[PDB]
Every structure is written in structure tokens, then in C-alpha cells.
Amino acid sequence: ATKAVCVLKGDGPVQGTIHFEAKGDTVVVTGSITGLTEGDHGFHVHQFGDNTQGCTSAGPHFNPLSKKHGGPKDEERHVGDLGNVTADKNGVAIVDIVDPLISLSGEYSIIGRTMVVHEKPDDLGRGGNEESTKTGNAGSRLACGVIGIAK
């Protein structure tokens, strides 16, 4: 698949549509998320595309290389570590990310997994407590969706 899409939904007002496209040798992520509080929000690909218990059942960050949590520019990061999206004061975050670890086919494929947007900023694994090394202290999951194959 060269194109994928994710519709983010939750218990509150946060919603959004994320698009993925395999271009050249990388994946371009675009779209927008609305209803967010102004500022940064963690944005990650979680391991399972399981919504049976809301965003909880999506599990931890997609991490096939068994690394610790980090920022998207770090060597030591989870494949699902796409850092932070930034919402303006209208609560809108425009997503524009190009990432070297995720893919839409094979070992690193995020098709069938879950995209999650968090309540708080991702400290990019530099917070200094154990939690930083797992989730960047990004907190609860405001909205999520299973990543599907798009036309």
C-alpha cells in the first residue's frame, strides 16, 4: 500500500484525519487535528489496532527494535515516536511530518496499528524519570484511530 488514512476519535472533542503516503523512500504524514488545547501534544503510533477498550487497548508505542522512547530525530527512539504536534490557540494542529522509521509495508508497517494524540507534550525521552523512557510523559490518550489502507 502506498497510501493510508487514520480518523482520530475519542471520548471528548478531539478529532482529526491523518494521511500517510509512501513517497520515494520515505513516508509523508499530513492532515490536521482539532479540539486540542493550545500547545504541544504527543503524537505516536501504538502497537495494536485494537479499540475494544477505547485508546487503552492500542498498547505501548510500536517498537519492533526494542528501544527506549525518544524524539523523532533521535537514534534511540521507538518506531512509533513521531514527537509532538502543535495546536494553535484555535486548537488546531496541522500535521506535517516525514519520518524515516515508519513504513506502509513490511516489518515497519504501521498499517493496522493505532495513531494516538496525547493530552500533554512528549518530553522526547529526556524528562529524567522512568516514564519518560516509555511514553515521554505525554499522558492520556485524547483521540486515536486504526490506520487503514487508502485509495
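Heads up, when I say rigid core I mean the largest set of C-alphas that superpose within 1.5 Å between the two forms. One rule holds for the numbers: they count along the sequence shown, beginning at 1.
Asks: Please pick 19-27 or 130-138, whichever has its Cα atoms farther from the shown form in 5 other deposited structures of this protein after a rigid core fit.
Replies: Of the two stretches, the larger average C-alpha offset in 5 other deposited structures of this protein falls on 19-27.
Asks: Per the record, averaged over C-alpha atoms, which has the higher B-factor: 52-60 or 118-126?
Replies: Result: 52-60.
Asks: Going by the average Cα B-factor in the PDB entry, point out whether 32-40 or 98-106 comes out higher.
Replies: It is 32-40 that shows the higher mean C-alpha B-factor.
Asks: Among 92, 45, 27, 111, where is the Cα temperature factor highest, going by the PDB entry?
Replies: In the PDB entry, the greatest C-alpha B-factor among 92, 45, 27, 111 is found at 92.
Asks: Considering only modelled residues of the same chain, in which third does the CA B-factor of residue 147 rank: lowest, middle or highest?
Replies: It belongs to the lowest third of the chain when residues are ordered by C-alpha B-factor.
Asks: Taking the values exactly as deposited, rank residue 18 by C-alpha B-factor within its chain and report the matching third: lowest, middle or highest.
Replies: For residue 18, the deposited C-alpha B-factor lands in the middle third.
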